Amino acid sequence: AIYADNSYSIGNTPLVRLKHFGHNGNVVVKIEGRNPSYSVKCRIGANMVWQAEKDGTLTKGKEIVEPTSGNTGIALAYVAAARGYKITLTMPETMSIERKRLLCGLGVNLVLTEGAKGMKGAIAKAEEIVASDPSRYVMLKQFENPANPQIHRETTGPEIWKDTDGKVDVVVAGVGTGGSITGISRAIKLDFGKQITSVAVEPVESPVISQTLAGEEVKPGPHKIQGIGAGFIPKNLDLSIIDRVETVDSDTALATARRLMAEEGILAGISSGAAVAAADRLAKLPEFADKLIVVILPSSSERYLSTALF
(Lines of atoms letter the chains of each structure in order from A and count residues from 1; the text may use other names and numbers.)
(Lines give C-alpha, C1' and ligand atoms only; values in the text may rest on other atoms or scores of the structure.)
Protein backbone atom coordinates (compact mmCIF):
# COMPACT_ATOMS: atom_id res chain seq x y z
CA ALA A 1 0.00 0.00 0.00
CA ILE A 2 2.50 2.61 -1.26
CA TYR A 3 0.99 5.27 -3.50
CA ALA A 4 2.97 6.01 -6.64
CA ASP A 5 2.10 9.71 -6.15
CA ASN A 6 -0.03 11.82 -3.77
CA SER A 7 -3.01 11.85 -6.19
CA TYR A 8 -3.58 8.11 -5.57
CA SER A 9 -3.82 8.60 -1.75
CA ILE A 10 -7.29 10.23 -2.02
CA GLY A 11 -10.24 9.26 0.16
CA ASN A 12 -10.75 6.40 2.64
CA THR A 13 -11.91 9.21 4.94
CA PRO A 14 -13.42 8.23 8.34
CA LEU A 15 -16.96 8.33 9.78
CA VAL A 16 -17.28 9.90 13.26
CA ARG A 17 -20.60 9.70 15.23
CA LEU A 18 -21.75 13.06 16.70
CA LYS A 19 -22.55 13.37 20.41
CA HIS A 20 -24.18 16.85 20.64
CA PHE A 21 -26.27 16.77 17.43
CA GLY A 22 -29.05 14.43 16.35
CA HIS A 23 -30.80 11.98 18.63
CA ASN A 24 -29.23 8.80 20.10
CA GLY A 25 -26.23 9.08 17.74
CA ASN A 26 -28.25 9.07 14.44
CA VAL A 27 -25.92 11.74 12.92
CA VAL A 28 -22.52 10.62 11.59
CA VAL A 29 -19.94 12.74 9.74
CA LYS A 30 -17.48 11.98 6.91
CA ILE A 31 -14.25 13.98 7.39
CA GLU A 32 -13.18 15.03 3.88
CA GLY A 33 -10.51 17.23 5.49
CA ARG A 34 -8.45 13.99 5.71
CA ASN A 35 -7.24 14.22 2.12
CA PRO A 36 -3.96 15.02 0.26
CA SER A 37 -4.67 18.78 0.10
CA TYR A 38 -7.20 18.75 2.93
CA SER A 39 -10.58 18.95 1.08
CA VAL A 40 -13.18 16.76 -0.67
CA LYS A 41 -11.92 18.37 -3.94
CA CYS A 42 -8.72 16.31 -3.96
CA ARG A 43 -10.86 13.41 -5.19
CA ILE A 44 -11.93 15.45 -8.26
CA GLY A 45 -8.56 17.11 -8.78
CA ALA A 46 -7.18 13.53 -9.04
CA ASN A 47 -9.97 12.03 -11.20
CA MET A 48 -10.32 14.92 -13.64
CA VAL A 49 -6.60 14.74 -14.39
CA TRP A 50 -6.61 10.91 -14.56
CA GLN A 51 -9.62 11.02 -16.91
CA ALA A 52 -8.21 13.69 -19.25
CA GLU A 53 -5.03 11.53 -19.43
CA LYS A 54 -6.96 8.37 -20.31
CA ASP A 55 -8.97 10.10 -23.03
CA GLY A 56 -5.88 11.82 -24.43
CA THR A 57 -6.96 15.43 -23.68
CA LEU A 58 -4.09 15.76 -21.14
CA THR A 59 -0.64 14.65 -22.35
CA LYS A 60 2.99 15.23 -21.32
CA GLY A 61 3.78 18.88 -22.01
CA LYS A 62 0.19 20.24 -22.10
CA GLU A 63 -0.61 22.72 -19.32
CA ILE A 64 -3.76 22.99 -17.16
CA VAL A 65 -5.64 26.31 -16.94
CA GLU A 66 -8.57 26.69 -14.50
CA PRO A 67 -10.51 29.69 -13.12
CA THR A 68 -10.38 28.74 -9.42
CA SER A 69 -8.37 29.50 -6.26
CA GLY A 70 -10.75 27.68 -3.89
CA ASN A 71 -10.55 24.03 -2.86
CA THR A 72 -10.53 22.94 -6.53
CA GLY A 73 -7.51 25.15 -7.35
CA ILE A 74 -5.56 23.77 -4.37
CA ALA A 75 -6.60 20.22 -5.38
CA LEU A 76 -5.48 20.64 -8.99
CA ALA A 77 -2.24 22.35 -7.87
CA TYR A 78 -1.25 19.31 -5.77
CA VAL A 79 -2.20 16.86 -8.56
CA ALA A 80 -0.34 18.90 -11.18
CA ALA A 81 2.75 18.95 -8.96
CA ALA A 82 2.43 15.20 -8.17
CA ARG A 83 2.06 14.24 -11.84
CA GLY A 84 4.41 16.85 -13.38
CA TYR A 85 2.05 19.25 -15.20
CA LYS A 86 2.39 23.00 -15.28
CA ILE A 87 -0.79 24.72 -14.14
CA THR A 88 -2.11 28.28 -14.28
CA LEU A 89 -4.96 29.36 -12.04
CA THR A 90 -6.76 32.63 -12.77
CA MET A 91 -8.31 34.57 -9.90
CA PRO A 92 -9.26 38.16 -8.88
CA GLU A 93 -6.21 40.18 -7.67
CA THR A 94 -8.18 40.80 -4.43
CA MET A 95 -7.76 37.15 -3.24
CA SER A 96 -6.14 36.45 0.18
CA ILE A 97 -2.35 36.64 0.60
CA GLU A 98 -2.53 33.25 2.40
CA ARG A 99 -4.23 31.68 -0.61
CA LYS A 100 -1.74 33.35 -2.99
CA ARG A 101 1.19 32.02 -0.93
CA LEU A 102 -0.37 28.54 -0.68
CA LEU A 103 -0.97 28.16 -4.43
CA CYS A 104 2.38 29.73 -5.24
CA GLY A 105 3.96 27.26 -2.78
CA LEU A 106 2.37 24.40 -4.83
CA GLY A 107 4.13 25.70 -7.94
CA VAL A 108 1.06 27.24 -9.65
CA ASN A 109 1.48 29.93 -12.27
CA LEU A 110 -0.83 32.50 -10.66
CA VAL A 111 -2.66 34.87 -13.04
CA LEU A 112 -4.36 37.74 -11.16
CA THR A 113 -7.33 39.43 -12.89
CA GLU A 114 -8.86 42.90 -12.33
CA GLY A 115 -10.46 43.17 -8.86
CA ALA A 116 -13.48 44.93 -10.45
CA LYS A 117 -14.13 41.94 -12.74
CA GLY A 118 -14.37 39.31 -9.94
CA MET A 119 -15.07 35.65 -10.87
CA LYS A 120 -16.36 36.67 -14.33
CA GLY A 121 -12.97 38.26 -15.10
CA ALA A 122 -11.04 35.14 -14.02
CA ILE A 123 -13.29 32.76 -16.06
CA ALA A 124 -12.99 34.98 -19.15
CA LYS A 125 -9.19 35.11 -18.76
CA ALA A 126 -8.92 31.30 -18.41
CA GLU A 127 -10.94 30.92 -21.65
CA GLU A 128 -8.73 33.59 -23.31
CA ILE A 129 -5.49 31.77 -22.41
CA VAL A 130 -6.90 28.42 -23.70
CA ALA A 131 -8.08 30.09 -26.95
CA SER A 132 -4.55 31.47 -27.57
CA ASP A 133 -3.10 27.94 -27.94
CA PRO A 134 -5.88 25.28 -27.69
CA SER A 135 -3.39 22.46 -28.40
CA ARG A 136 -1.29 23.57 -25.40
CA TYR A 137 -3.88 24.39 -22.69
CA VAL A 138 -6.65 22.30 -21.14
CA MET A 139 -9.49 23.46 -18.88
CA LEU A 140 -11.05 20.59 -16.90
CA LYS A 141 -14.33 22.36 -16.01
CA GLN A 142 -15.36 21.13 -12.54
CA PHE A 143 -19.01 22.25 -12.87
CA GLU A 144 -19.69 20.04 -15.90
CA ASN A 145 -16.89 17.47 -16.06
CA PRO A 146 -18.50 14.00 -15.44
CA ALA A 147 -15.18 12.81 -13.94
CA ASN A 148 -16.19 14.99 -10.93
CA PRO A 149 -19.35 13.04 -9.85
CA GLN A 150 -17.88 9.80 -11.17
CA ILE A 151 -15.05 9.77 -8.58
CA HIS A 152 -17.70 10.13 -5.85
CA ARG A 153 -19.61 7.20 -7.34
CA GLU A 154 -16.45 5.05 -7.28
CA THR A 155 -14.89 6.03 -3.93
CA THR A 156 -16.86 8.36 -1.61
CA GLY A 157 -20.17 6.51 -2.02
CA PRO A 158 -18.76 2.92 -1.65
CA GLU A 159 -16.74 4.13 1.38
CA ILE A 160 -20.02 5.21 3.04
CA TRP A 161 -21.73 1.98 2.06
CA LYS A 162 -18.88 -0.06 3.56
CA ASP A 163 -18.27 1.93 6.76
CA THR A 164 -22.02 1.73 7.58
CA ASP A 165 -22.45 -1.96 6.51
CA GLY A 166 -25.29 -0.75 4.26
CA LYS A 167 -27.19 0.86 7.14
CA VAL A 168 -26.99 4.46 5.82
CA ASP A 169 -30.53 5.83 5.33
CA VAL A 170 -29.87 9.53 4.56
CA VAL A 171 -26.95 11.35 2.91
CA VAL A 172 -26.72 15.12 3.55
CA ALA A 173 -24.30 17.18 1.44
CA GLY A 174 -23.83 20.87 0.57
CA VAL A 175 -23.91 21.58 -3.19
CA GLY A 176 -21.18 23.48 -4.99
CA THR A 177 -20.61 21.57 -8.22
CA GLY A 178 -23.15 18.94 -7.05
CA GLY A 179 -20.51 16.23 -7.65
CA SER A 180 -20.57 14.82 -4.08
CA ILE A 181 -24.31 14.42 -3.70
CA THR A 182 -24.70 13.13 -7.31
CA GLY A 183 -21.93 10.51 -7.20
CA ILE A 184 -22.67 9.31 -3.65
CA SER A 185 -26.39 9.09 -4.48
CA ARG A 186 -25.81 7.10 -7.73
CA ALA A 187 -23.51 4.68 -5.82
CA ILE A 188 -25.89 3.94 -2.97
CA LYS A 189 -29.18 3.99 -4.89
CA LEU A 190 -28.06 2.46 -8.20
CA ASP A 191 -24.92 0.35 -7.50
CA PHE A 192 -26.03 -0.90 -4.05
CA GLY A 193 -29.80 -0.64 -4.62
CA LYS A 194 -30.78 1.12 -1.36
CA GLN A 195 -33.59 3.72 -1.44
CA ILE A 196 -31.97 6.34 0.83
CA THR A 197 -32.96 10.02 1.20
CA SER A 198 -30.52 12.33 -0.63
CA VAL A 199 -30.52 15.81 0.86
CA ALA A 200 -28.95 18.78 -0.89
CA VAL A 201 -27.94 21.72 1.30
CA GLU A 202 -27.77 25.32 0.04
CA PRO A 203 -27.72 28.78 1.70
CA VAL A 204 -31.08 30.35 2.46
CA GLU A 205 -29.37 33.51 1.06
CA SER A 206 -29.10 31.85 -2.42
CA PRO A 207 -31.65 29.02 -2.50
CA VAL A 208 -31.60 28.43 -6.24
CA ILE A 209 -32.18 24.65 -6.05
CA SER A 210 -35.28 25.24 -3.87
CA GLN A 211 -36.53 28.02 -6.17
CA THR A 212 -35.97 25.91 -9.30
CA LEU A 213 -37.71 22.77 -7.99
CA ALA A 214 -40.67 24.96 -6.82
CA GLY A 215 -40.94 26.60 -10.26
CA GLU A 216 -40.23 30.04 -8.70
CA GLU A 217 -38.01 32.91 -9.88
CA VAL A 218 -34.33 32.04 -9.37
CA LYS A 219 -32.74 34.78 -7.26
CA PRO A 220 -29.12 34.19 -6.11
CA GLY A 221 -27.66 36.31 -3.27
CA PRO A 222 -24.33 36.68 -1.37
CA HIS A 223 -23.64 34.41 1.66
CA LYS A 224 -20.53 33.37 3.63
CA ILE A 225 -20.89 29.57 3.34
CA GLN A 226 -17.78 29.03 1.19
CA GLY A 227 -17.77 26.00 -1.13
CA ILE A 228 -21.55 26.00 -1.71
CA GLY A 229 -24.24 28.30 -3.08
CA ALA A 230 -22.81 28.96 -6.57
CA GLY A 231 -25.99 30.84 -7.59
CA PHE A 232 -27.03 28.52 -10.49
CA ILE A 233 -27.82 24.83 -11.13
CA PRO A 234 -24.50 23.18 -12.10
CA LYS A 235 -24.56 20.39 -14.68
CA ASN A 236 -22.92 17.98 -12.19
CA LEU A 237 -26.00 18.26 -9.90
CA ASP A 238 -28.31 15.41 -10.93
CA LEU A 239 -31.64 16.85 -9.66
CA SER A 240 -33.25 13.44 -10.50
CA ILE A 241 -31.54 11.83 -7.42
CA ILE A 242 -32.30 14.72 -4.97
CA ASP A 243 -35.15 13.83 -2.57
CA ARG A 244 -35.02 16.92 -0.40
CA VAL A 245 -33.44 20.38 -0.19
CA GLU A 246 -32.51 22.05 3.13
CA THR A 247 -31.58 25.74 3.29
CA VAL A 248 -29.24 27.01 6.03
CA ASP A 249 -28.25 30.61 6.86
CA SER A 250 -24.62 31.78 7.15
CA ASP A 251 -24.70 32.61 10.89
CA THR A 252 -26.15 29.22 11.82
CA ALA A 253 -23.56 27.49 9.55
CA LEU A 254 -20.73 29.41 11.32
CA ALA A 255 -22.11 28.79 14.83
CA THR A 256 -22.53 25.07 13.90
CA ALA A 257 -18.91 24.85 12.73
CA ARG A 258 -17.75 26.44 16.02
CA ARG A 259 -19.90 23.93 17.92
CA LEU A 260 -18.28 21.02 16.03
CA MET A 261 -14.88 22.36 17.07
CA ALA A 262 -15.63 23.12 20.75
CA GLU A 263 -18.11 20.32 21.52
CA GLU A 264 -17.02 17.42 19.23
CA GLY A 265 -13.33 18.22 18.72
CA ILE A 266 -13.86 18.18 14.92
CA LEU A 267 -11.90 20.77 12.92
CA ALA A 268 -14.39 21.48 10.10
CA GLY A 269 -14.95 24.37 7.70
CA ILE A 270 -17.90 26.69 7.24
CA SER A 271 -19.78 24.43 4.76
CA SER A 272 -19.33 21.53 7.23
CA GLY A 273 -21.35 23.58 9.78
CA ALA A 274 -24.04 24.26 7.16
CA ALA A 275 -24.30 20.53 6.35
CA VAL A 276 -24.51 19.49 10.02
CA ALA A 277 -27.15 22.18 10.77
CA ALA A 278 -29.39 20.74 8.06
CA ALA A 279 -28.72 17.13 9.20
CA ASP A 280 -29.48 18.10 12.83
CA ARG A 281 -32.83 19.56 11.73
CA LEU A 282 -33.72 16.29 9.93
CA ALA A 283 -32.35 14.21 12.85
CA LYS A 284 -34.93 15.75 15.22
CA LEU A 285 -37.95 14.92 13.04
CA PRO A 286 -39.61 11.68 14.35
CA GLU A 287 -39.66 10.45 10.76
CA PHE A 288 -35.80 10.26 10.90
CA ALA A 289 -35.52 8.90 14.49
CA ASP A 290 -34.45 5.36 13.60
CA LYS A 291 -32.51 6.51 10.48
CA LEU A 292 -28.70 6.66 10.13
CA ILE A 293 -27.83 10.11 8.66
CA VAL A 294 -24.38 10.52 7.04
CA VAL A 295 -23.12 14.11 6.45
CA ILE A 296 -20.21 15.24 4.27
CA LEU A 297 -17.89 17.71 6.00
CA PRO A 298 -15.95 19.04 2.97
CA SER A 299 -12.99 20.87 4.54
CA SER A 300 -10.92 21.46 7.71
CA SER A 301 -10.75 24.56 9.96
CA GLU A 302 -7.21 25.95 9.54
CA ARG A 303 -8.27 26.80 5.98
CA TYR A 304 -10.74 29.30 7.50
CA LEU A 305 -8.48 31.04 10.07
CA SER A 306 -8.52 34.33 8.16
CA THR A 307 -12.35 34.09 7.95
CA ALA A 308 -15.46 34.78 10.07
CA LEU A 309 -15.18 31.24 11.59
CA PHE A 310 -12.52 32.53 14.07
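Numbers for residues come from their place in the sequence shown, where the first is 1.
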Hey, which bit's got the bigger mean C-alpha B factor in the entry, 268-276 or 33-41? 33-41
May I ask you to compare 80-88 and 184-192 by their mean CA B factor in the entry and name the higher one? 80-88
If I read the C-alpha B-factors straight from the PDB entry, which of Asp169, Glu128, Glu144, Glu202 is highest? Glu128
So if I compare the CA B-factors in the entry for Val49, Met261, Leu282, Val65, which one is the largest? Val65
What third of its chain's C-alpha B-factors does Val294 belong to: lowest, middle or highest? lowest
Third assignment of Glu154 from its chain's C-alpha B-factors: middle
Going by the recorded CA B-factors, say which third of the chain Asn12 sits in, lowest, middle or highest. middle
How does the C-alpha B factor of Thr197 compare with the rest of the chain: lowest, middle or highest third? lowest
Looking at the C-alpha B-factor of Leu103, is it in the lowest, middle or highest third of its chain? highest
